[PDB]
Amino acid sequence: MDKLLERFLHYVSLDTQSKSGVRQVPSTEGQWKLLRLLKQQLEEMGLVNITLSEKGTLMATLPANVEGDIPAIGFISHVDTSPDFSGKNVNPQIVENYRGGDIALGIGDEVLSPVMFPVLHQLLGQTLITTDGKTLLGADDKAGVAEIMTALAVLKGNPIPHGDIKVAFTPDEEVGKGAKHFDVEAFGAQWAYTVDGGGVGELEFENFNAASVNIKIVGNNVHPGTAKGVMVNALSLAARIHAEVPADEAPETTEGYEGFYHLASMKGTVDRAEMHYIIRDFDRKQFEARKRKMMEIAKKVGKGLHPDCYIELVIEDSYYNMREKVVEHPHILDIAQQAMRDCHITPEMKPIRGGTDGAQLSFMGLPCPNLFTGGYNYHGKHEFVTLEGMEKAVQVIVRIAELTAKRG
């Protein structure tokens, strides 16, 4: 199981940052750089049916080790790094046998601190890989790419029985295009896992049901000095709508399993205004309830307006909670959990307050929970990872593949 570190740093050195609002997929050339590198490494490795689509999705198959009717399983990672910070000229910082202090990031006033991140006191003794403080690290999701790549080297070069293993590396996960052009048919996996989770132990199979609620408000402007009973202030309606939305059921005041309404943005004048709301909820019923609530709030404020003044709502479903799709087949989480115990890891299962490409794929015919990576503080300069956590991800992937063949 060597070259884990090497593969990781190699991938980290490549600028693969994604770009919002681009029509082309992948959105940036850098991503094609890493995809081509992976493609070559897969060929050299000896995988079969390797293919890189025009949309930049890399697929490949490691054939069964043994005979028997074993279901093919898959592992998926995404190639791009967050637009929220640069993954440009990352300069990794390796801290062997971390003793628990503050980590200086590069030369300057930048620090990885256990005061700010208590998790560190949970990683005494390990090798930490950090940034110089001037960029992202890319652990998300290049540690996953490295771990999958590594798990394949281990499966191919050791006496470990396994069925067919499908792997994929996708392009614009960060900008929401991760599963858009995913050819589940070509992939040919009975089920899969994304290796795009957090710390050691993380296993996720529950995510938010999501929807956007756009509101278009048309008022009536006129010179203010003579607006009596004539002027319809659109912003006054916007404020009245938001006044009715539960301030206790908002991102700033929810945690764990509680849903919410959130006003992302709003802009307007007396004549027109627009609001962009989002609704998140683990429960499909309370998700519906949440749409109703908004429409209801709207009606209220839309009391009696001179039929040239209205309030329109446009509700768009973004994604659903996989729970149902995953739990529907017990072996998926059972194998993953048994695999972690076999590797002396305590499975930690927290719900995802957001979504994942796995949740999209789970509705496209590929139930697909999330596996940990060992990385932390995902989108900023405080992002870091530990080699041991990365080696455990490898161990788990390899065990899951062995266990799957065992039962097949």
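Position 1 is the first residue in the sequence shown; the rest follow in order.
- Message: Mean Cα B factor from the PDB record: higher for 298 to 306, or higher for 227 to 235?
- Response: Mean B over CA atoms: larger for 298 to 306.
- Task: Compare the mean C-alpha B-factor of 103 to 111 with that of 216 to 224 as given in the PDB entry, and name the stretch with the higher value.
- Result: Higher mean C-alpha B-factor in the PDB entry: 103 to 111.
- Query: What's the residue among 311, 275, 195, 124 with the greatest CA temperature factor in the PDB record?
  - Reply: In the PDB entry, the greatest C-alpha B-factor among 311, 275, 195, 124 is found at 311.
- From 72, 167, 264, 322, which pick has the Cα B-factor that tops the rest in the entry? That would be 322.
- Message: Is residue 407 in the lowest, middle or highest third of its chain when residues are ranked by C-alpha B-factor?
- Response: Highest third - that is where residue 407 ends up once the chain's C-alpha B-factors are sorted.
- Query: For residue 199, does the deposited CA B-factor place it in the lowest, middle or highest third of the chain?
  - Reply: According to the entry, residue 199 has a C-alpha B-factor in the chain's lowest third.
- Task: Could you look up the Cα B-factor of residue 91 in the entry and say which third of the chain it sits in: lowest, middle or highest?
- Result: For residue 91, the deposited C-alpha B-factor lands in the highest third.
- Query: Lowest, middle or highest third: where is residue 16 by Cα B-factor in its chain?
  - Reply: Lowest third.
- Message: Please place residue 364 in the lowest, middle or highest third of its chain according to the CA B-factor in the PDB entry.
- Response: Highest third, going by the recorded CA B-factors of the chain.
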